[PDB]
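Below, in structure tokens: the form deposited in one PDB entry, a single chain.
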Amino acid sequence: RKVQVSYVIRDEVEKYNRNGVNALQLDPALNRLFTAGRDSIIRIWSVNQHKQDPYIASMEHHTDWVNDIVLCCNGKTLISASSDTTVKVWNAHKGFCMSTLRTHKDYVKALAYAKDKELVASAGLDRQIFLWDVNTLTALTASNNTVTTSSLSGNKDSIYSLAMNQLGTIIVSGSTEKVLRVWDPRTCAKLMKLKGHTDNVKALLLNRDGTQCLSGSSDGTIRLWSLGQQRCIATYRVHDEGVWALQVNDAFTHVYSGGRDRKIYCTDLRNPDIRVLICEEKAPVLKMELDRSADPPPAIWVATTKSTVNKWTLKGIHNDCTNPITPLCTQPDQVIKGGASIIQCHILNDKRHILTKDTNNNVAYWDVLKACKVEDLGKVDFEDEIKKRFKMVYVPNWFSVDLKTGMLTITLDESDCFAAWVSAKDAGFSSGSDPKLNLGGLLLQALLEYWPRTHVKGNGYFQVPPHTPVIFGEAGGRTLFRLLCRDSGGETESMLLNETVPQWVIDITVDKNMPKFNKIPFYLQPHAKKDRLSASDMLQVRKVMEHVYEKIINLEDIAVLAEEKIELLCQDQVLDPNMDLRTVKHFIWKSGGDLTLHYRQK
């Protein structure tokens, strides 16, 4: 539909999560943990205790929340599902993306894995489940090779969970349709429709043989289903709120559950009266991953809406109270630190600088044009800082700000990207001249100055950092192409740009033809000869004064007498000579209609 150009203001290395973690994967062989964050980066961690810094690598190709990740092929390949509607195949040993699957029309919520068949299923809000064979997802590019898709049909509403067994013979989907739908992934045959849940299902598990299933719903119930008898054997009510994460041991006898009420339990499936409160978390539990290095699991990894991933010891699990209150462990054993998410944003009057507040209540000052941070202002009042930096200026909006990733994402759209014409002096630059500059044009020539199609390099005034992600996407979240600013010179990126960059960007950046000046009409009439005038949005009141003095009442430099002879009024307010007409019409013109000015002699 409509293609937008976005970029992210961020550091070159983002070691720590800048938002909550949506998914977890453990690699027992290498002692390696994977985190899929709402900041759109998959991070790799070491889980050896002696390792002071667990950080290994960062996996950066998504543009929205990474909702699920799956390790497969003995940890060689990882498959990622995101809200950018894409499924990505990675080299988990190195940390680079091999392929992108764009078969989904909406957010991709769920990934399922069958170990023995090397089969992965992907589901999301577009009501579609796609079955993938990981061995044929060794495809580099579409031109080099192409893959064909299998789909499972039947969902009448958005899918939030998926589950296959190891043998790859049963696949179960949970949705806001409230009913569990079961297929045979081998023949794509509809098998069952399990009923009993009253709210959304966000957690599904299957045992090895695919004869039983655990379902955790947002209504607070865990149900154990018999897929052979198509019935719910047992219901467990252990949570006061929705159950969002489920985990089960290998023997499929104890279930580890967590959700919105920030508690994690271990419920015996064959005798639910005995249950142990493992821990009290600080944010709602999103995912849990057991350490499966022992027959009774020794630890558990919890991902919350916070940026900290904690590991809780399970040693001591074996009391007599039906509903014990004391948690088994009061403190985590291993903690992976997190960052701060930009939660609140404010674009200043010049429409070039941003004030942000993060989760630690730190205020930062950002330069959008140069895609950098100007300064950190500490834990000062956000609104007092906004009022402190008020300036009596109007610049039209030319960009949007999204904080979905905990980082500043700036979106440019052809509707308004070129609406900001400013002067070089008023935008910090210089020449002995003061030309009129378009902020969107300058930013676009800065974001893709490494593209050979735009050379004769850059806008000649500023550069964005070379590590800046430049994203070409659609209104709706569907990402077309993402690249770093410095990668635009490669052959692959050059071709993908020749296919992806829209014509509105091409005109300004490649064809070098400049956008349209915007003009406002304004009346000018006596104050105790009337004619309508129009001029640029930017001209200073000095020029209107010069037009009035030298042409209406004109019966040493000529321009000197202009400023001291005529004075200009808008709604009984004397105008600052250096003020532009945008500002007058925005602030001093609170009435309705077209702007009208009045003039009087000193």
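Here, rigid core means the biggest group of C-alpha atoms that superpose within 1.5 Å across both forms. From 1 onward, residues are counted along the sequence shown.
In this entry, residue 253 and residue 254 are joined directly, with no residue of the deposited sequence lacking coordinates between them. The entry models residue 318 and residue 319 with a gap of 4 to 9 deposited residues left without coordinates.
There is also a form deposited in another entry; it is not shown, and the following applies to it.
After superposition on the rigid core, the C-alpha displacement between this form and the one not shown reaches 2 Å or more for just one residue among 141, 176, 135, 211, namely 141. Relative to the superposed rigid core, the position of the CA of residue 51 differs between this form and the one not shown by less than 2 Å.
When two forms of a protein are overlaid on their rigid core, residues whose CA moves 2 Å or more are considered shifted, and residue 324 is one of them between this form and the one not shown.
Once both forms are fitted on their rigid core, the CA atom of residue 576 lies less than 2 Å apart between this form and the one not shown.
Whereas the shown form places them at one spacing, the Cα atoms of residue 140 and residue 188 lie at least 3 Å closer in that other deposited form. Note on residue 144 and residue 150: their C-alpha atoms are nearer in that other deposited form, a change of at least 3 Å from this conformation.
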